[PDB]
Amino acid sequence: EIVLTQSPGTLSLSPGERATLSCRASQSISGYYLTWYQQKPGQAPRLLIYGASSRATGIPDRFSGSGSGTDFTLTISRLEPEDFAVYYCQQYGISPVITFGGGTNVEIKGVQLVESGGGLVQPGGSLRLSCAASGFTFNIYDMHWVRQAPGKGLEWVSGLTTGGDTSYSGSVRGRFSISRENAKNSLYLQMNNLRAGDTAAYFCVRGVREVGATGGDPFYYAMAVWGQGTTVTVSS
Amino acid sequence: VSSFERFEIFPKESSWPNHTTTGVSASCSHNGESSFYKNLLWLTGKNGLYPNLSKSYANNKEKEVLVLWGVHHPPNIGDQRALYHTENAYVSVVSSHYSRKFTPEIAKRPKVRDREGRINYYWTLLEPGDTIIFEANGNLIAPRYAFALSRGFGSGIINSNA
Amino acid sequence: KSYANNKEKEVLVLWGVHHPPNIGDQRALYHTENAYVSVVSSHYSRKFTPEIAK
Amino acid sequence: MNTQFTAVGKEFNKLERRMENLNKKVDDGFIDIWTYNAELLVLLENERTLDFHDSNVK
Amino acid sequence: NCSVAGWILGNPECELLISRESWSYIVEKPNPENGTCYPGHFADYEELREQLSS
Ligand SMILES: *[C@@H]1O[C@H](CO)[C@@H](O[C@@H]2O[C@H](CO)[C@@H](O[C@@H]3O[C@H](CO)[C@@H](O)[C@H](O)[C@@H]3O)[C@H](O)[C@H]2NC(C)=O)[C@H](O)[C@H]1NC(C)=O
Ligand SMILES: *[C@@H]1O[C@H](CO)[C@@H](O[C@@H]2O[C@H](CO)[C@@H](O)[C@H](O)[C@H]2NC(C)=O)[C@H](O)[C@H]1NC(C)=O
Ligand SMILES: *[C@@H]1O[C@H](CO)[C@@H](O)[C@H](O)[C@H]1NC(C)=O
Ligand SMILES: *[C@@H]1O[C@H](CO)[C@@H](O)[C@H](O)[C@H]1NC(C)=O
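For the record, the sequence lines run as chains G, A, E, B and C.
With PDB author numbering as the guide, the letters of the first sequence map in order to residues 1 to 110, 127 to 252.
112 is the number of the first residue of the second sequence in PDB author numbering; add one for each residue after it.
166 is the number of the first residue of the third sequence in PDB author numbering; add one for each residue after it.
559 is the number of the first residue of the fourth sequence in PDB author numbering; add one for each residue after it.
58 is the number of the first residue of the fifth sequence in PDB author numbering; add one for each residue after it.
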């Protein structure tokens with residue numbers, strides 16, 4: 001899936017100000033295709049906007065975007081010091097490969129998942145992580161493991177549809193290995209041949225409703241919900 | 112049966128680029144892992160981009176054929192808008208002798224294998240020479256594989272636990 | 166329009182429902198994309214709302 | 559007798575009770591008929607068998 | 058005198074007779090007087106009567 005380009009990766013603006021941010025790709029890419037996030041350093045990501053127009057739950061009305069094809073855009077109606085944050089640009093490839101913009105810092109001038133196992137190993141080594149589910153049907157949704165170096169652009173380590181079609185990145189693939197369990201309501205990621213690129217904080221991520229199920233559950237082609245993540249490191 | 116077999120009328124690849132095809136469901140599962148019926152396909156828009164369709168087939172094999180499809184009944188509307196972007200339903204499955212249209216709505220139902228949603232299934236034979244057409248604004252189950260055959264005579268059916 | 170029997174014998178009746186292969190007929194003749202017909206009797210009754218089907 | 563390459567059974571919904579109770583009445587009709595005729599034929603032909611023997615010995 | 062429609066539906070001129078919980082067989086005449094006081098097509102009369110054979 002296509003390389004993105006956020007615009008800008010950091011900015012510094014005053015209160016009572018808009019903020020225009022343009023995330024654009026190589027090719028022209030169909031519009032209900034992106035979703036837009038924030039993150040405070042120390043906090044997990046939170047969902048804001050999807051498909052270049054439309055807005056998530058539990059919300060003001062100020063972050064509002066536009067754009068289509070090659071150039072997608074999120075604009076901001078007002079800036080505030082509570083928004084001091086890095087915003088992200090996460091798109092679902094037709095090649096089912098999520099791709100990530102590299103974070104955009106706003107500086108302001110004057127139900128759940130649970131991860132398991134994050135910590136240290138030796139380089140070139142071997143270790144596994146798990147996640148475990150709470151209060152939903154881990155049957156349905158398409159799951160994603162994700163990474164984040166500290167104060168850096170994300171990278172998408174892996175994902176898998178419940179029909180079993182895997183998607184990795186070509187560098188990461190083989191060195192990681194996933195497996196999913198719905199009757200247990202838990203997920204697994206055995207991992208081997210580990211180098212300093214893995215020195216980063218990872219996340220288990222619940223994604224997209226597959227086709228069909230009872231519920232009062234809409235879907236988007238955005239995420240459903242995040243997990244709190246955990247650190248992983250190689251060292252000696 | 113005098114002859115019975117399965118072939119690929121419309122391959123999953125290359126029949127439907129312009130609709131995302133790879134959706135399945137989780138009651139339809141395989142060893143605790145979600146799935147969907149082998150013979151068939153979901154279709155939905157290309158990231159909320161539903162174009163409406165017209166497709167067809169007529170026999171070249173010279174044997175008789177058996178064909179199957181489905182008509183979508185969501186349990187809720189937000190699916191219907193999100194996938195197909197029309198409250199309108201209108202489908203038209205057409206042949207020479209047989210032809211029929213479908214214009215359903217959201218009909219809430221109770222949980223049955225944790226499914227209020229429904230897709231009413233519909234089917235027909237098709238002889239040599241005769242054409243089928245599909246037309247739709249969505250709400251479909253499309254044939255991937257179809258059943259080539261000849262007739263048979265006299266053989267039949269048993270219910271038995273022996 | 167309508168009819169009922171005066172002859173006191175039983176009757177057999179026939180009609181048809183038009184399906185153009187193209188729309189320019191449908192507009193040119195009848196000037197409606199809408200189809201709606203209603204053939205009605207006491208026991209039997211039925212309506213028809215077809216489209217162009219190539 | 560001529561025994562076809564046969565398949566006996568059928569099945570229906572509850573919106574087809576006419577055909578159900580019919581096909582019951584049909585098949586039970588036949589079963590009783592064949593049953594009746596064949597049973598009579600056993601009794602008669604064994605009686606006529608005894609009479610055949612009786613005639614031969616006499 | 059009643060038709061089955063006048064029987065089942067609750068025609069006041071037809072005695073409802075909820076006491077009649079089950080019975081041996083159904084009695085009619087060939088030409089029952091009391092069809093529906095407000096007319097309207099009644100589908101699947103055959104099927105219903107078969108269902109209420111017994
Ligand atoms: C139950 O069945 C009885 C017997 O068929 C019905 O009574 C009859 O209904 C006919 C309907 O045409 C009556 O004829 C009409 O009489 C009125 C005057 O009352 C007149 O305006 C009409 O032009 C026509 O001549 C008939 O007189 C009447 N006979 C008797 C003895 O009642 C009855 O209506 C049925 N009731 C129900 C609830 O189905
Ligand atoms: C059944 O229909 C006959 C119609 O022949 C009804 O007969 C009427 O009976 C009343 C007295 O009950 C008389 O005043 C009428 O003159 C009769 N009419 C005729 C045409 O004979 C009979 O009452 C009906 N019975 C039921 C149970 O509905
Ligand atoms: C999809 O739509 C485009 C419209 O430009 C067309 O070129 C392409 O052939 C279509 N493909 C299918 C499978 O309908
Ligand atoms: C889809 O249906 C609408 C309904 O009017 C029609 O205007 C449009 O042309 C149709 N598109 C295709 C591709 O059939």
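No residue lacks a Cβ here, since even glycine has one placed at the ideal position from N, Cα and C.
Burial state of residue i (16 or more Cβ within 10 Å)
i, result
"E131 of chain G", "buried"
"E1 of chain G", "buried"
"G190 of chain G", "exposed"
"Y168 of chain E", "exposed"
"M559 of chain B", "exposed"
"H141 of chain A", "exposed"
"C147 of chain G", "buried"
"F100 of chain G", "buried"
"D612 of chain B", "exposed"
"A52 of chain G", "buried"
"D181 of chain G", "exposed"
"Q191 of chain A", "buried"
"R220 of chain A", "exposed"
"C94 of chain C", "exposed"
"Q108 of chain C", "exposed"
"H208 of chain A", "exposed"
"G567 of chain B", "exposed"
"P41 of chain G", "exposed"
"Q38 of chain G", "buried"
"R222 of chain G", "buried"
"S60 of chain C", "buried"
Whole-number beta carbon distance between residue j and residue i, since they are thought to touch under 8 Å
i, j, result
"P45 of chain G", "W172 of chain G", "Wrong, their Cβ atoms sit about 13 Å apart, outside the cutoff."
"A247 of chain A", "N163 of chain A", "6 Å"
"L203 of chain G", "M159 of chain G", "6 Å"
"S210 of chain A", "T242 of chain A", "Contact doesn't hold; Cβ gap of about 11 Å is too wide."
"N158 of chain A", "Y236 of chain G", "Not quite, the Cβ-Cβ distance comes to about 10 Å (not below 8 Å), so this is no contact."
"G134 of chain G", "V250 of chain G", "Going by Cβ atoms, the distance from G134 of chain G to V250 of chain G rounds to 12 Å, so no, they are not a contact pair."
"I188 of chain A", "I217 of chain A", "5 Å"
"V227 of chain G", "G134 of chain A", "4 Å"
"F84 of chain G", "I108 of chain G", "5 Å"
"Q206 of chain G", "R144 of chain G", "4 Å"
"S174 of chain G", "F192 of chain G", "6 Å"
"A217 of chain G", "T246 of chain G", "7 Å"
"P96 of chain G", "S183 of chain G", "5 Å"
"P239 of chain A", "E173 of chain A", "5 Å"
"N68 of chain C", "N88 of chain C", "Not a contact, Cβ separation roughly 16 Å."
"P139 of chain G", "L210 of chain G", "6 Å"
"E85 of chain C", "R576 of chain B", "Actually they do not touch by this definition, with Cβ atoms about 18 Å apart."
Proximity below 8 Å, CB of residue i to CB of residue j
i, j, result
"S145 of chain A", "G151 of chain G", "no"
"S138 of chain A", "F147 of chain A", "no"
"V176 of chain A", "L236 of chain A", "yes"
"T35 of chain G", "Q128 of chain G", "no"
"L260 of chain A", "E124 of chain A", "no"
"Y256 of chain A", "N150 of chain A", "yes"
"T70 of chain G", "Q27 of chain G", "yes"
"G103 of chain G", "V86 of chain G", "yes"
"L160 of chain A", "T132 of chain A", "no"
"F588 of chain B", "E578 of chain B", "no"
"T155 of chain A", "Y201 of chain A", "no"
"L74 of chain G", "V106 of chain G", "no"
"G31 of chain G", "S68 of chain G", "yes"
"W80 of chain C", "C71 of chain C", "no"
"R24 of chain G", "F72 of chain G", "yes"
"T20 of chain G", "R226 of chain A", "no"
"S266 of chain A", "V112 of chain A", "yes"
"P128 of chain A", "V178 of chain A", "no"
Counterpart residues of residue i in DSSP-defined beta bridges
i, result
"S68 of chain G", "G:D71"
"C59 of chain C", "C:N91"
"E171 of chain G", "G:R163"
"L13 of chain G", "G:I108"
"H130 of chain A", "A:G156"
"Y87 of chain G", "G:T104"
Inset, instruction - Tell me the start and end of each unbroken beta strand (DSSP E) in the region 161-244 of chain A that is at least 3 residues and wholly inside, in chain order. - result: 164-169, 175-184, 202-205, 210-213, 229-237
Legend entry - Runs of alpha helix (DSSP H) wholly within the region 182-239 of chain G (minimum 4 residues, chain order): none
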